[PDB]
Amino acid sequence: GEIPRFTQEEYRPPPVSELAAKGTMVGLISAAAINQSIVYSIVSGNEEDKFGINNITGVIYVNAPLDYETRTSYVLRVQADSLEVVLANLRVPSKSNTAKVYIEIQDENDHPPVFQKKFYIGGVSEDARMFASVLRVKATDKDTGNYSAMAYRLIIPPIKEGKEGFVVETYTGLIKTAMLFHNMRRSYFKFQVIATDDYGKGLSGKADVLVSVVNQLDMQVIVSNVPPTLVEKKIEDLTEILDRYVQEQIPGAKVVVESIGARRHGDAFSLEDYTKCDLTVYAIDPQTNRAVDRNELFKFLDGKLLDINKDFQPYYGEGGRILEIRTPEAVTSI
């Protein structure tokens, strides 16, 4: 009785599609023992019952639905047994031997892109420079590598005279201006952003976008006793805090930062104090597609200054404060 000898010490067949139908071949197991037939079985690592083996041919096949997102790898032990020979002149025992089979599941593209928000709200000022950042979008999905790697594009209604309105950076999701908005205050643009995985060759998802056009008549200046570099470094967290206070008055409103600068003061606001900060903001109301009235915005922030200062404390440091809210100086200078 020869102990069965596999063709390989271990098996590493090619990856198996997570969308493989039942009966799909995974790979071949082969062993021989001189003058004896061989039978194949699976002895361990097949607890989930995802594979079977044809006990005569040694073909490992898919037995049940697979899912890369539940399990990526399997390590099976297959066993080969020679069959007994009990004849008048030959008596050969059954003998067994095992071998490891490393099976890897191949990720397929079975999850479409999902945007982190269904509705993105932004704004642009009348004096925004060409290619100024408006907002950044992001879609993800549960697939791996290329199958959740996004290409972004915009679907925007026609604009006359070769103007495109906005563009999106194809791989980063950054939406930027593509025209000037002089004299367009109170206009607004509604459009869609599409994410397509496999860098634009796979599945797609979408989100809506509103960009409202404002100018200084829509804005308020938050004056803080900390440098503009601190405010700018933390601006995402600060804006999220301000959104909460505006949103308890105007549901779904989005606060937008126009600029962050030194505190301006003195005659004609001509002096700059870099130890302090002027943060110019507005808010867009998705109910109107336009900016919140700047006097209402003043009331929402000025009325809550103590609470806002408390929420800013971890960012500004203790004794960091909003000093005041004021109307932009170029407006009042009229």
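Residue numbers here begin at 1 and follow the sequence given.
Out of 316-324 and 11-19, which one has CA B-factors that are higher on average in the deposited record? Higher of the two, by average CA B-factor, is 11-19.
Tell me which stretch has the larger mean Cα B-factor in this entry, 83-91 or 160-168. Looking at the recorded C-alpha B-factors, 83-91 comes out higher on average.
For the listed residues 308, 281, 33, 291, which one has the largest C-alpha B-factor as given in the deposited model? Comparing C-alpha B-factors across 308, 281, 33, 291, the top value belongs to 33.
Residue with maximal Cα B-factor (values as given in the PDB entry) among 299, 265, 50, 276: The C-alpha B-factor peaks, among 299, 265, 50, 276, at 50.
Of the three thirds of its chain by CA temperature factor, lowest, middle or highest, which one includes residue 101? Highest third.
Determine, from the deposited record, the chain-internal third of the Cα B-factor for residue 191: lowest, middle or highest. Tercile = middle for this residue's CA B-factor.
When the deposited Cα B-factors of this chain's modelled residues are ordered and cut into thirds, is residue 78 in the lowest, the middle or the highest one? As the PDB entry reports it, the C-alpha B-factor of residue 78 lands in the highest third of its chain.
Within this chain's modelled residues, let me know which third the CA B factor of residue 116 belongs to: lowest, middle or highest. For residue 116, the deposited C-alpha B-factor lands in the middle third.
Relative C-alpha B-factor of residue 143, binned into the chain's lowest, middle or highest third: Highest third of the chain for residue 143's C-alpha B-factor.
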